[PDB]
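Novice:
Chains as they are written, first to last, in this note's numbering: chain G, 1 to 288; chain Z, 289 to 338; chain P, 339 to 459; chain S, 460 to 500.
#1: Pull up the distance between the alpha-carbon of residue 419 of chain P and that of residue 413 of chain P, whole angstroms please.
#2: For residue 326 of chain Z, which residues in chain G fall below 8 Å Cβ to Cβ?
#3: When DSSP labels each residue in this structure, what does residue 264 of chain G get in the three-state scheme?
#4: Could you give the distance in angstroms between the alpha-carbon of residue 71 of chain G and the alpha-carbon of residue 383 of chain P?
#5: Can you tell me which of the three DSSP states residue 479 of chain S falls into?
#6: From residue 3 of chain G to residue 324 of chain Z, what does the alpha carbon distance come to, in whole angstroms?
#7: Would you kindly report the start and end of the unbroken beta strand (DSSP E) that includes residue 169 of chain G?
#8: On a Cα-Cα basis, can you pick out the residue from S:476, S:495 and S:460 that is closest to residue 432 of chain P?
#9: Roughly how many angstroms lie between the CA atoms of residue 237 of chain G and residue 176 of chain G, to the nearest whole one?
#10: Tell me whether the region 58 to 77 of chain G and the region 92 to 101 of chain G touch, counting them as touching only if at least three CB pairs, one residue from each stretch, are closer than 8 Å.
#11: Taking the straight line between their C-alpha atoms, what separation do you get for residue 486 of chain S and residue 18 of chain G?
#12: For residue 270 of chain G, count neighbouring Cβ atoms within 10 angstroms of its own Cβ and tell me buried if that reaches 16, exposed if not.
#13: Mind checking if residue 482 of chain S is an interface residue toward chain G, Cβ cutoff 9 Å exclusive?
#14: Are the beta-carbon atoms belonging to residue 320 of chain Z and residue 330 of chain Z less than 9 Å from one another?
#15: Going by the C-beta, is residue 76 of chain G closer than 8 Å to any heavy atom of the ligand ZN?
#16: I'd like the span of the beta strand (DSSP E) that includes residue 472 of chain S, first residue to last.
#17: Where does the unbroken alpha helix (DSSP H) through residue 416 of chain P begin, and where does it stop?
#18: Alpha carbon to alpha carbon, what distance is there between residue 429 of chain P and residue 408 of chain P?
#19: Whole beta strand (DSSP E) runs in the region 118 to 196 of chain G with 3 or more residues, listed along the chain?
#20: Check whether the region 265 to 285 of chain G and the region 118 to 137 of chain G are in contact - that is, three or more C-beta pairs closer than 8 Å.
#21: Check this for me: beta carbons of residue 243 of chain G and residue 24 of chain G, under 9 Å apart or not?
#22: Relative to the C-alpha of residue 104 of chain G, which candidate in G:75, G:52, G:233 and G:144 has its C-alpha closest?
#23: Measuring CB to CB, does residue 496 of chain S end up less than 9 Å from residue 173 of chain G?
#24: For the region 28 to 46 of chain G against the region 240 to 257 of chain G, do three or more pairs of beta-carbon atoms, one drawn from each stretch, fall closer than 8 Å, so that the two count as touching?
#25: In the DSSP output, which residue or residues are listed as bridge partners for residue 311 of chain Z?
#26: Quick one: does residue 472 of chain S have its CB under 9 Å from some CB of chain G?
#27: Identify the contact partners of residue 459 of chain P in chain G, using a Cβ-Cβ distance below 9 Å as the criterion.
#28: Just to confirm before moving on: does the CB-CB distance between residue 411 of chain P and residue 402 of chain P stay below 9 Å?
#29: For chain G, find out if any of its Cβ atoms is closer than 9 Å to the Cβ of residue 359 of chain P; answer yes or no.
#30: What residues match up with residue 221 of chain G in a beta bridge as DSSP calls it?
#31: Could you pull out every residue in the same chain whose Cβ sits closer than 6 Å to the Cβ of residue 232 of chain G, ignoring the five residues on either side in sequence?
#32: What distance in whole Å lies between the Cβ atoms of residue 239 of chain G and residue 13 of chain G, which are believed to be in contact at a cut-off of 8 Å?
#33: Measure the C-alpha to C-alpha separation of residue 152 of chain G and residue 81 of chain G and round it to an integer number of angstroms.
#34: What is the residue span of the beta strand (DSSP E) that residue 494 of chain S lies within?
#35: Would you list, in chain order, the members of the region 366 to 391 of chain P that have their beta-carbon closer than 7 Å to a beta-carbon of chain G?
#36: Return no unless some Cβ of chain P is closer than 9 Å to the Cβ of residue 257 of chain G.
Right under this line is the structure:
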């Protein structure tokens, strides 16, 4: 006795869990659709500012601080982009693995990692390891706005230009093909000047007001912010896809657990009936 | 079996001052199986002791 | 005889810490069964990884098992067992994969299998 | 209480771990670039 009671209790518990996880998976699907919409909505401004930055760099003085690498690199400010909620799968764990790979790459080159985090999961992971988190941002992992990205990018570029960092990295989950949520490390500062080709031959001359260098130095931090915002959106879509996959997994697991628990409960029910009959017939045969 | 354990354990008592005032403290030990505190003899003895 | 007065303070302490880690791992089997190790606290993730490595390291290639696997058996002295499980409980092998703890002997076999899998002690 | 506080006066209670992770491959750390069209490789 009292074993069938606990078995039925565990069965109804697992049923509640199964319902909740199935609902969470469908909600995550709808919100994946929303996040992909936001990503493909932010795409055009990114393309156009990239093209304008290229046009400006074509005729500018490429000696901006964000554009030249520094001898004596002592510190790289790393921005880790994690989630706030936790019903995702190995999303945060993959981000932390990639960030540890980046930290052990940065210690190989003599640089000291300066750590900025986005999300509460990274806060937990790094406070447990006695890390020093220069700044933390929370509450906008599932729907980030451009103002959050602007604040983050301004803080990071202020730390870069200055108690000062020589590089700037971002560890976030890239979202591709609705099937590839891959943790990646990018270097956002200093940028590297890459020459593709003259491409078009003799063409019209572009006018710059007031001149190319002013506009270039005005667009560089704007480009940093655009890239930070694109990273935030990709990480949000990746977190939602991971949450959908993890909730489908948890629903299947709760299904299998309900099945096994019901098998055990039916075994205990049959055993209880058999044992009760054995006792009744034992008494009746003792009296006969 | 309940009568067995209950009449065994009810003889552990704090006597009155006229009877000498003596005492018999009891520590019965019960081994459960698989933490089943709700078996027959366990529940018999839990309802006897203080 | 698993008592400090018979086996010693260090033996007893290592055994008690192994038992505590394994019990805490057992208490989480429902959460891990439904949701995995990804929802636990950092304390509990660390403990669960240590406990997985401890439960694989309690296995051993036995001399009587060579008739089943062809692999010869190993003998581990109790001092080596105490030292190894102390270092496992403290977390000296948290980076070594779960395998390379499985069906081996002392710490030398652990090192050899870890570097045959790709890790280093 | 006085004794306890005088005793706590003299009582003495008992960094980042290594994580033993191997370095990222530099080929996989992407670098934001400015695609200039001038010929100067």
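Built from N, CA and C at the ideal position, the CB exists for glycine as well.
Specialist: From the atom records:
#1: Counted from its first residue, the third chain places residue 419 of chain P at position 81. Counted from its first residue, the third chain places residue 413 of chain P at position 75. One Cα belongs to residue 419 of chain P, the other to residue 413 of chain P, and the distance between them is close to 10 Å.
#2: Position 38 of the second chain holds residue 326 of chain Z. The answer, in chain order, is 1 and 2.
#3: Translated into positions along the first chain, residue 264 of chain G becomes position 264. Helix.
#4: What you label residue 71 of chain G is simply residue 71 of the first chain in a count that begins at 1. What you label residue 383 of chain P is simply residue 45 of the third chain in a count that begins at 1. Looking at the backbone, the Cα of residue 71 of chain G and that of residue 383 of chain P are separated by about 40 Å.
#5: Along the fourth chain, read from residue 1 onward, the residue named residue 479 of chain S stands at position 20. In the three-state reduction of the DSSP assignment, residue 479 of chain S falls in the coil class, being assigned neither a helical nor a strand state.
#6: Translated into the one-based positions of the first chain, residue 3 of chain G becomes position 3. Translated into the one-based positions of the second chain, residue 324 of chain Z becomes position 36. Spanning the two alpha carbons is a distance of roughly 9 Å.
#7: The count along the first chain starts at 1 and reaches residue 169 of chain G at position 169. Looking at the DSSP string, the run of the beta strand (DSSP E) that includes residue 169 of chain G is 167 to 176.
#8: The count along the third chain starts at 1 and reaches residue 432 of chain P at position 94. Cα-wise, what sits closest to residue 432 of chain P is S:476.
#9: Along the first chain, one-based indexing puts residue 237 of chain G at 237. Along the first chain, one-based indexing puts residue 176 of chain G at 176. Rounded to the nearest angstrom, the two C-alpha atoms are 9 Å apart.
#10: Judged by Cβ distances under 8 Å, the region 58 to 77 of chain G makes no contact with the region 92 to 101 of chain G, as fewer than three pairs qualify.
#11: Here residue 486 of chain S corresponds to residue number 27 of the fourth chain, with the count starting at 1. Here residue 18 of chain G corresponds to residue number 18 of the first chain, with the count starting at 1. Per the coordinates, the alpha-carbon of residue 486 of chain S lies some 43 Å from the alpha-carbon of residue 18 of chain G.
#12: Translated into positions along the first chain, residue 270 of chain G becomes position 270. Under this definition residue 270 of chain G is an exposed residue.
#13: Against the fourth chain, residue 482 of chain S aligns to sequence position 23. Interface residue, yes.
#14: For the purposes of this step, residue 320 of chain Z is taken as the residue at position 32 of the second chain. For the purposes of this step, residue 330 of chain Z is taken as the residue at position 42 of the second chain. Residue 320 of chain Z places its beta carbon less than 9 Å from that of residue 330 of chain Z.
#15: As far as ligands go, the structure on display features none, and thus does not contain the ligand ZN.
#16: Locating residue 472 of chain S in the fourth chain gives position 13, counting from the first residue. Run containing residue 472 of chain S: none; DSSP gives neither H nor E here.
#17: Along the third chain, read from residue 1 onward, the residue named residue 416 of chain P stands at position 78. Residues 416 to 428.
#18: Start at 1 with the first residue of the third chain, and residue 408 of chain P comes out as number 70. Start at 1 with the first residue of the third chain, and residue 429 of chain P comes out as number 91. Going from the Cα of residue 408 of chain P to the Cα of residue 429 of chain P covers about 32 Å.
#19: If we require 3 residues or more, the beta strand (DSSP E) runs fully inside the region 118 to 196 of chain G come out as 133 to 137, 167 to 176 and 180 to 195.
#20: Fewer than three beta-carbon pairs drawn from the region 265 to 285 of chain G and the region 118 to 137 of chain G are found closer than 8 Å, and the two stretches are therefore not classed as touching.
#21: Within the first chain, the letter at position 243 stands for residue 243 of chain G. Within the first chain, the letter at position 24 stands for residue 24 of chain G. Contact flag set, yes.
#22: Translated into the one-based positions of the first chain, residue 104 of chain G becomes position 104. Comparing Cα positions, the closest option is G:75.
#23: As a working mapping, residue 496 of chain S is identified with position 37 in the fourth chain. As a working mapping, residue 173 of chain G is identified with position 173 in the first chain. No; because the gap between Cβ atoms is not below 9 Å, this pair is not in contact.
#24: Verdict: yes, contact present.
#25: As a first step, residue 311 of chain Z must be located in the second chain, where it is residue number 23. When beta bridges are read from the DSSP output, residue 311 of chain Z appears opposite Z:302.
#26: Numbered from its first residue, the fourth chain carries residue 472 of chain S at position 13. Closer than 9 Å: no.
#27: Numbered from its first residue, the third chain carries residue 459 of chain P at position 121. In chain order: nothing, as chain G lies at least about 18 Å away.
#28: Here the question's residue 411 of chain P lines up with position 73 in the third chain. Here the question's residue 402 of chain P lines up with position 64 in the third chain. Their beta carbons are under 9 Å apart, which means residue 411 of chain P touches residue 402 of chain P by this criterion.
#29: Against the third chain, residue 359 of chain P aligns to sequence position 21. Put simply, the CB of residue 359 of chain P is far from chain G, with every gap to its CB atoms at 9 Å or more.
#30: On the first chain, position 221 is the one that residue 221 of chain G refers to. Beta-bridge pairing links residue 221 of chain G to no other residue.
#31: As a working mapping, residue 232 of chain G is identified with position 232 in the first chain. Taken in chain order, the residues that qualify are 144 and 149.
#32: Residue mapping note: residue 13 of chain G aligns to position 13 of the first chain, counting from 1. Residue mapping note: residue 239 of chain G aligns to position 239 of the first chain, counting from 1. Contact between residue 13 of chain G and residue 239 of chain G is ruled out by a C-beta separation of about 27 Å, above the 8 Å threshold.
#33: To locate residue 152 of chain G, count along the first chain from 1; it is residue 152. To locate residue 81 of chain G, count along the first chain from 1; it is residue 81. The straight-line gap from Cα to Cα measures roughly 11 Å.
#34: Position 35 of the fourth chain holds residue 494 of chain S. Run containing residue 494 of chain S: 489 to 495, per the beta strand (DSSP E) assignment.
#35: Legend: CB atoms of the region 366 to 391 of chain P lying less than 7 Å from CB atoms of chain G belong to residues 371, 372, 373, 376, 377 and 380.
#36: Position 257 of the first chain, counted from the first residue, corresponds to residue 257 of chain G. Yes, its Cβ sits closer than 9 Å to a Cβ of chain P.
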